[PDB]
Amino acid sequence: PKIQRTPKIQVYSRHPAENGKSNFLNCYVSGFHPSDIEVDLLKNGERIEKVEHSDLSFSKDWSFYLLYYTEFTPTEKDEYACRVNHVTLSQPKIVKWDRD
């Protein structure tokens, strides 16, 4: 009734990245507690306004999870990321998208 859980943050594209081809960028935030959380998707460090997200849910161990997504067109140079703030974080945690 007391131990807080820091969010796990996973950033991935819906389809394999192809420069110039439209795609979708996903940020899955999970395993956190309590539920209050702030999530933004960034393009070259700037907040994307047209972002959608799921209604709050939680897993079997009661940890919350949320999916944030936006349409995006990857390029060779542009950088995308997911920026999260939670009570467990001193400052926002930024996880960059890695097509690998």
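We number the residues from 1 along the sequence you see.
Participant: On mean C-alpha B-factor from the PDB entry, just flag whether 44-52 or 27-35 is the higher one.
Facilitator: It is 44-52 that shows the higher mean C-alpha B-factor.
Participant: Where does the C-alpha B-factor of residue 19 rank in its chain, lowest, middle or highest third?
Facilitator: For residue 19, the deposited C-alpha B-factor lands in the highest third.
Participant: Ranked by Cα temperature factor within the chain, is residue 90 in the lowest third, the middle third or the highest third?
Facilitator: It falls in the top third of the chain.
Participant: Lowest, middle or highest third of the chain for the C-alpha temperature factor of residue 75?
Facilitator: Highest third.
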